[PDB]
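Listed below, chain by chain, are the residues.
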Amino acid sequence: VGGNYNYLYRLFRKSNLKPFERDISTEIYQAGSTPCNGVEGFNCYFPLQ
Amino acid sequence: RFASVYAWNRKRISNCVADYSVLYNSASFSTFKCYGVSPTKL
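Cut-off values and rules
- Here the numbering of residues is sequential along each chain, from 1 in written sequence order, and it may depart from the entry's numbering. Residues without coordinates do not appear.
- Chains and ligands are labelled by the order in which they are written, letters from A for the one and numbers from 1 for the other.
- Chains on display form part of a larger assembly; values are given for the displayed part and nothing beyond it.
- Note: side-chain values were computed over all heavy atoms of the structure, leaving out hydrogens and water.
- Put simply, DSSP H or I for four residues or longer makes a helix, DSSP E for two residues or longer makes a strand, and each gets a number counted from the N terminus.
- Exposure categories follow from relative accessible area, calculated using a 1.4 Å probe and restricted to protein chains: below 20% of the type maximum is buried, above 50% is exposed, and the middle band is partly exposed.
- Note on contacts: a residue pair is in contact if any heavy atoms of the two residues lie within 4.5 Å.
- Residue burial considers only the protein chains on display, and all accessible areas are found by Shrake-Rupley using a 1.4 Å probe.
- Charged residues are defined narrowly, with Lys and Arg counted positive, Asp and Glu counted negative, and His plus the chain ends left uncounted.
- Every charge is mapped to an atom, namely NZ of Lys, CZ of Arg, CG of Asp or CD of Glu.
- Any pair of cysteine sulfurs within 2.5 Å is marked as a disulfide.
- UniProt positions are given in the numbering used here, feature names are shortened, and annotations may be inferred rather than shown by experiment.
- Paired rings are identified among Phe, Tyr and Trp, the last through its six-membered ring, by centres lying within 6.5 Å, and are further divided according to the angle between planes into stacked (under 30 degrees), edge-to-face (over 60) and tilted (the rest).

A. Inspection of the overall build of chain A at higher detail. When its secondary structure is counted, chain A shows zero helices and two strands. Counting every position in chain A, which comprises 49 residues, the buried fraction comes to 14%. Restricting the contact set of chain A to residue pairs at least 6 apart, pairs at least 24 apart contribute 22%. About 4200 Å² of surface is accessible on chain A, with carbon and sulfur atoms providing 54% of the total. Side chains of chain A carry 5 positive and 4 negative charges; the gap between the two charge centres is 6 Å.

B. Looking closely at the UniProt feature "disulfide bond" in chain A. For the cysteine pair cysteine 36 of chain A and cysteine 44 of chain A, annotated in UniProt as disulfide-bonded, the sulfur atoms lie 2.0 Å apart, consistent with the bond being present in this model. For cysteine 36 of chain A, a relative accessible area of 6% gives the class buried.

C. Spotlight on unusual backbone geometry. Residue and element names in this part refer to chain A. Look at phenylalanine 20: it is not a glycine, yet its phi comes out positive at around 65°. With respect to the element layout, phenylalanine 20 can be found in the segment before strand 1 (29–30). In the Ramachandran plot, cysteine 36 falls in the positive-phi region, its phi being about 45° despite a non-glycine side chain. Among the structural elements, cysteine 36 can be located in the loop between strand 1 and strand 2 (44–45).

D. Inspection of the packing of aromatic side chains at higher detail. All names here are of chain B. Within this structure, the stated rule accounts for three aromatic pairs over all chains. Ring geometry for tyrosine 6 and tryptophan 8: centres 5.0 Å apart, planes at 50°, overall tilted. The class of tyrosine 6 is exposed, set by a relative accessible area of 68%. A residue is classified by how much of its surface remains accessible, and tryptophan 8, at 63% relative accessible area, is exposed. Relative to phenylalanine 32, the ring of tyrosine 24 lies with its centre 4.6 Å away and its plane at 35°, an arrangement referred to as tilted.

Below, the structure is given as structure tokens:
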């Protein structure tokens, strides 16, 4: 009921995976021009949801 | 000067060039979200 939010997926990423590749990084990556480091202020996302 | 709420002004634009990458990326913007499209296209 509260939601099984213990399971996660990649919402935002910079590159496509190769077959059977796993990537478990929690680093914030930029979407646009702003460095946006350690924040989700503008033009970036924390990649997992 | 902006159209007011309940006095909107939706301008039709065609047969031209626009840079949506700049429109999206500039630091002057407070927020941005797309629906089936991406600003990186132009």
